[PDB]
Amino acid sequence: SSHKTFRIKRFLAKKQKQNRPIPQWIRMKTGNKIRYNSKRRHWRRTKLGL
Amino acid sequence: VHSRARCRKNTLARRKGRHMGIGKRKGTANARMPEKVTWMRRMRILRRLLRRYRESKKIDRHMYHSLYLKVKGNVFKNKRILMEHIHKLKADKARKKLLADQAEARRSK
Amino acid sequence: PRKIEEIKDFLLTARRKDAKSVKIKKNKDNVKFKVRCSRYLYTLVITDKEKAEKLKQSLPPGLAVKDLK
Amino acid sequence: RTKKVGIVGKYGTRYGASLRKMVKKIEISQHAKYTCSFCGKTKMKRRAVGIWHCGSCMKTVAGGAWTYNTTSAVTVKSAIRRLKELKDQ
RNA sequence: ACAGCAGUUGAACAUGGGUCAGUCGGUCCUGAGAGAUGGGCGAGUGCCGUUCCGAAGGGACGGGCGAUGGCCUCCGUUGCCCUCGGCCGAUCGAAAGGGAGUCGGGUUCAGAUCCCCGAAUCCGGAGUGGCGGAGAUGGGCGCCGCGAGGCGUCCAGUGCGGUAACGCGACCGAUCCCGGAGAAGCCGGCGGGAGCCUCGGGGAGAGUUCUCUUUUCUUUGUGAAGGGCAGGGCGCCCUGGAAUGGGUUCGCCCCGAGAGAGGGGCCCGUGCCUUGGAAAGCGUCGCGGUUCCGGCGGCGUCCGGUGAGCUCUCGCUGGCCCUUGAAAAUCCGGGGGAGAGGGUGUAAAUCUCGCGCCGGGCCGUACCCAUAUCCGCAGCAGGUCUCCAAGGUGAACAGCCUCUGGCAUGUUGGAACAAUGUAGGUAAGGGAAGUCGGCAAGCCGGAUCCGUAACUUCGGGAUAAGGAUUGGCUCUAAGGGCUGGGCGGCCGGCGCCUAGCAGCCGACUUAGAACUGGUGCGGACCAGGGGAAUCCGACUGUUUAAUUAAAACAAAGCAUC
RNA sequence: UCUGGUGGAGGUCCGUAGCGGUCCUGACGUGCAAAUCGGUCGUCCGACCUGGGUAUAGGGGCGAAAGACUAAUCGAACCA
Ligand SMILES: [Zn+2]
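If you're matching them up, the sequences are chains f2, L2, e2 and j2 in order. Residue numbers for the first sequence follow the entry's author numbering, so the first one is 2 and each next one is one higher. Residue numbers for the second sequence follow the entry's author numbering, so the first one is 57 and each next one is one higher. Residue numbers for the third sequence follow the entry's author numbering, so the first one is 2 and each next one is one higher. Residue numbers for the fourth sequence follow the entry's author numbering, so the first one is 4 and each next one is one higher.
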């Protein structure tokens, strides 16, 4: 809701910032094994632990 | 456009009495026109008339009070009936003084 | 907003060190002299044009004057 | 309007005839206005059970549940006056 | 890739961006309750307990006794001692309870009572007085001054008015004490105010004009905070003394404990005018620059009437209760008079009066709020708390049609119209012969006028049962409000409103009649079939969420322990 | 005593919103749905309906009582 605490807002801020795709240059790093961000979270599909 | 021309034409006819018969009534007589509002309006008319008659000294306090309780007792249907009854009382009171003065004149003669 | 009904009171309000500006407005029927102070906007309504021009001349110096034309 | 039901016509047929008859006596006394012994005006109504108020002199009196004065109260008041007078004289 | 067809689309994917407050909430207070310490219990983590087995105050008028700093004659800060002093105990507990104070106009791609413009407001601080005003500036004795007006002395002065209710711009005062406000249910009925709807005109724009319609549609403002005036209310006051009782409400109700009558007082004032205010907003007609100028300009934003109308709100007055419908923070008033001030200055202490100066930190704020942003594994016919609520018909927030606003038929389309099905209808003559059973469907249905049985706990049964009417059109009768009563007035006998007369204004109904249609008319919509009995339970209520709503449970009453 | 008014009582009646869930033993029954849909129904000022906050926890609670309910789990839940 609009009414939220500071602790909850800071928790939602962090999940928002970590929902980004992998950068393109990571694939070029020597000995790289990551192809995509397997921890992508969609708001409608998966809900937060909160 | 949402014209009110049709409803205004029907309201004019309805004010004349049209579309208001037995076949056009769905609510009861009390739902359409409450008996309490009819009674309360009637008392306000008749009590107002009695107050004006008292103020202008057409009737006195003792005639006002008896007529007030008869109005509360549903004796007079409307203002016209109450006006005629007051006039009959005024004639009777005048007559009682007419034969009183006649009797006093005869006795003193 | 406060309404002042005396010219003498208006001059006192205008000469306050708090006063910031005098705004003159001309209407169809009256002329309104408005002095803006810290707390209230003081308005004087004058229905005579002869007295209106006199008030402009007697306005205190230095105080900003704006004509709402 | 009614032959015998009186004030308990509000209950219709919903309880026994004898129960409606018993409550008829109590409901008349619990809603009646009595004459105030302090100011003389007939305005002594019931606020709650055992509480009686006068709307003119604003006096509140502890009384009966449904009647202003219980018979037990009158006898006790008369008896206490006798016991007090015997102590004095 | 996903959105079960597509997709130039998306609540998908990618890149950027977006939430601004003293006056909107949180924050503060307590509620039901939760919970430490003291104490007790407990092998023990710990538990019980919330005033109960505690030396539970750390504060403060004021006074004294000392240090210290200053616009240092003096005052202020800091320690110690008297005086006062119940926390009737920490603390937590509400984004719907309590709780000071903000509202118009504009502005964005997305913010906004938060930004800009404008106009206000509350709280706190101001010591070294911020400026005014108040307190507060009189009287007596003389002298001089022609006299006014000044010189000396003495004595007052913590305001004033009204018979009163109370009023005026302030109008000292501590510990202590009393009170108020915060702070009270549900239902009914009336009345006031506003918003909306309605009606009659006047503007501006638009629609229709085949014929008519001087028409039909849209639009036709003034925030908070001050000031004044209506209006509403009053168990507020003064005169006075009432039965031939009177006053008065829709209902009531009121009076020698003071009616009616007259004259005042107070509270609320969300209404009107006014400052704010037209400069802004809107409507319409034009003229510019250029993407935006809150561009510029002209005209307008008018006058009325209605009402058991609906909604909100403010009042008054009742009904019900073996039901009586929070608490605390916080704020205020009063009682008392411990104190302080100055000796007549142009003065003091003091001031809840007017204006002036400074500040108001932290957190929330975007959007969905649901037949697609929430839960049900999903864009799931399920579930999920509220606010505003137009016209017509009509008892209605019923159903049916429409306007403002919204939408694209609910995860696809094309063609055809077979059986069986799901949903909706109709049917000759019979009229339950079907079937366990009238299951299902059908009949009745509104309103008005008549007329209503057995039985009964006398309340009911009851819309019992049964019958008639119902359209359209044209009339008639009845049902009300205001004003007046012998150029402008008025000193006057000269007038007499008196079966209530004249003029003006107005809305909603009721009853009766004529005419009239292929007897059709509660024409759609809405909308009880009924009667005679038996069994059970008295009734209202409740129950196995997801097969049993019942005769089961409860219940008032009765009785027992 | 009778009559005509006024008045507005009630765990009162018809009946919206709301709450519930009779019958069709209708639809659906690899459903829209691990209980939904339609018509028809009960109640609708009260023992009424409902949000939030609080309290009661497993041989325990709560129960106008059906062994009902206690997170799709109840003649003793769920987790290890
Ligand atoms: Zn009394």
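Note that CB positions come from ideal geometry on N, CA and C, so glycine has one too.
Next on the checklist: Less than 9 Å between the beta carbons of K67 (chain e2) and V32 (chain e2), yes or no?
Outcome noted: no
Next on the checklist: Which runs of the alpha helix (DSSP H) at least 4 residues long sit entirely within the segment 114-162 of chain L2? Give them in chain order.
Outcome noted: 117-128
Next on the checklist: Quick check: is any heavy atom of ligand 1 less than 8 Å from the C-beta of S21 (chain j2)?
Outcome noted: no
Next on the checklist: Is the separation between the beta-carbon of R21 (chain f2) and that of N38 (chain f2) shorter than 9 Å?
Outcome noted: yes
Item to check | Beta-carbon gap between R49 (chain j2) and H34 (chain j2) smaller than 9 Å | outcome: yes
Checklist entry - Alpha carbon to alpha carbon, how far is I5 (chain e2) from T44 (chain e2)? => result 6 Å
Checklist entry - Is it the case that the Cβ atoms of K36 (chain j2) and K46 (chain j2) are separated by a distance below 9 Å? => result yes
Checklist entry - Which word fits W55 (chain j2), buried or exposed, when buried means at least 16 other C-beta atoms lie within 10 angstroms of its C-beta? => result buried
Checklist entry - With distances taken from CA atoms, which of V46 (chain e2), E7 (chain e2), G63 (chain e2) is nearest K27 (chain e2)? => result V46 (chain e2)
Item to check | Neighbourhood of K149 (chain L2) by C-beta, 7 Å cutoff - its chain only, sequence neighbours within 5 removed | outcome: none
Checklist entry - In terms of alpha-carbon separation, which member of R110 (chain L2), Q158 (chain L2), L105 (chain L2) lies closest to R136 (chain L2)? => result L105 (chain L2)
Checklist entry - Can you give the Cα-Cα distance for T48 (chain e2) and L13 (chain e2), rounded to whole angstroms? => result 20 Å
Checklist entry - Taking 8 Å as the cut-off, does the CB of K44 (chain j2) come closer than this to any heavy atom belonging to ligand 3? => result In terms of ligand content, the structure shown lacks ligand 3 and carries ligand 1 instead.
Checklist entry - What do you get for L102 (chain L2), buried or exposed, if any count of 16 or more other CB atoms within 10 angstroms of its CB means buried? => result buried
Checklist entry - If you compare alpha carbons, which of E160 (chain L2), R100 (chain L2), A147 (chain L2), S59 (chain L2) is closest to residue 166 (chain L2)? => result Outside the displayed range of chain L2 (57 to 165) lies residue 166 (chain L2), so it cannot be described from this structure.
Item to check | Limits of the unbroken beta strand (DSSP E) element including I54 (chain j2) | outcome: 54-57
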